[PDB]
């Protein structure tokens, strides 16, 4: 019933989909194939059709070489964030700006990042122990220096 309550599995499918659609805030993470990765509300059986609709809408604008940033319907805002094969969608009935929603999707992406990268990075170095990461990190040195200087100024 309440916003942060989990949608019950025992309820009939009509009410569950009704409860899901009524939430004030949704967070959707899906692959570029349309396969669901994570949803704040709802289970795999309930959200996957919505994922396919979202991937298709995003794909029309990818196909047009004109990426989709977001859209508005009444009191609801949709924000799209694309990071390679990962599609992030925020759907909000709260009074949240596009920049606030985009920042929230960016933060969820960083949480996904820490979990996935260290295993695949370890697996890479297991097959190629001599891997030199200076190449793929070129251009980020300037940002690394600035972040280090922010710490040094704090003292």
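Positions refer to the first chain, counted from 1.
Student: Please compare 47-55 with 124-132 and name the stretch with the higher mean C-alpha B-factor in the deposited structure.
Tutor: Per the deposited B-factors, the answer is 124-132.
Student: Out of 2-10 and 145-153, which stretch has the higher average CA B-factor listed in the record?
Tutor: Mean CA B-factor is higher for 145-153.
Student: Kindly indicate the residue among 107, 113, 33, 28 with the greatest C-alpha B-factor in the PDB record.
Tutor: Across 107, 113, 33, 28, the entry lists the biggest C-alpha B-factor for 113.
Student: Can you work out whether the C-alpha temperature factor of residue 40 puts it in the lowest, middle or highest third of the chain?
Tutor: Tercile = middle for this residue's CA B-factor.
Student: Per the entry's values, where does residue 24 land by CA temperature factor relative to the rest of its chain, in the lowest, middle or highest third?
Tutor: For residue 24, the deposited C-alpha B-factor lands in the lowest third.
Student: What third of its chain's C-alpha B-factors does residue 102 belong to: lowest, middle or highest?
Tutor: Middle third.
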